[PDB]
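A single chain comes next, written as structure tokens; it is the form deposited in one PDB entry.
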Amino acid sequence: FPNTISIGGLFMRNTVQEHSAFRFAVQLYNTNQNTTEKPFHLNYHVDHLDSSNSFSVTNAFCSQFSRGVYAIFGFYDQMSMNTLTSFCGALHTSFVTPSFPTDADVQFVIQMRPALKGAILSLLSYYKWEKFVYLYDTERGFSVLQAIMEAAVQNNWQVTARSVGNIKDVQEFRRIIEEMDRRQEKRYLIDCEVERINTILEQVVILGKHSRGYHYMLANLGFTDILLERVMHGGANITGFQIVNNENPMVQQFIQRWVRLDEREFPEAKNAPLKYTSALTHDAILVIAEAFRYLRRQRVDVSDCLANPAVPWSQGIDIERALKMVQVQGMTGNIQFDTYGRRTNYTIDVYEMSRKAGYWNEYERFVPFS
């Protein structure tokens, strides 16, 4: 079994903190005082993608594939997802990612981010939301959008859906809200990126008269990066979701070390709050280390991109299977995967604003406190 295991890193625009968390988590793997948990040296090479254009992406992936990495950590967006997942599946190279989980059932993709739709549907049912507005963009896929479409037909809900992903004019959010007032709409599910949630919420405040009596359910695991003090002042209910529990001592002890790190060597660790995607990045390194320690224990053997007679990687299958079978405790709770690399047996914490109102998991569904 090798002395060194090398992994790839594919990073996008605006993943600076995650890059830092990645470098730091690897360093924690390598400086562990316990020799049993560190039987090989963990090493890496990183590429940054200026864009998600298909050529740029393929070039980057193949340069790393050619170096001989044993797995690849990285990010995709709506534009690059299909290229990365397709090359990984064809070349048997496991891609570990904290990006949004895919719609399709693919091989060789470990999705660190749990799905939200189960929790969202449970809370729609628990709050009895049978008439509501659903503002969405497509940047985290279509998974939630379709679950909501299907449930609306099946339950006879009046959902007014509006696709806000392309709006560059903040005045146009106002025109949408004013329209929804004419229909008496007080309940809003907002399935957007964080920055767009903040934009939308600023318009709610500035426009005015849109707090007391209203309820915004924010379907995004980046709850703690959402600026929502101005909306709460008016009296609005807000429901949110998190997967990082701050009272968890593992998170606490990680944070303690994290905030001491130098601004040059590890940017966005002092000056910025910990994003949930940097927590998933930390947990990706736990999962990768655990899988390779497992392979060493099983005594499994491990060792050109655009070949026309493309030769499959023999050992890739064991690496995939090893990553999928890990059970580890991380900053995002219990971490396990099903056969399509999706998180299973996870917990989503539900926040009502500022108490934790309950938790959701796959078996119990939504359990409220009190």
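Start at 1 with the first residue shown and count on from there. In this text, the rigid core denotes the largest set of C-alpha atoms whose superposition between the two forms falls within 1.5 Å. Only residues modelled in both forms are compared.
Although it is not shown, the form deposited in another entry is what the next lines describe.
When both forms sit on the same rigid core, the CA shifts between this form and the one not shown reach 2 angstroms or more only at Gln154 out of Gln184, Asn166, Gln256, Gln154. Core-superposed comparison between this form and the one not shown: the C-alpha position of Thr344 differs by less than 2 Å. Here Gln327 does not count as shifted, since its C-alpha moves by less than 2 Å between this form and the one not shown after the core is aligned. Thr58 shows a C-alpha shift below 2 Å between this form and the one not shown [criterion: core-superposed Cα displacement of 2 Å]. Core-based superposition between this form and the one not shown shows that the consecutive residues, three or more at a time, whose C-alphas shift by 2 angstroms or more lie in 50-52, 153-156, 209-211.
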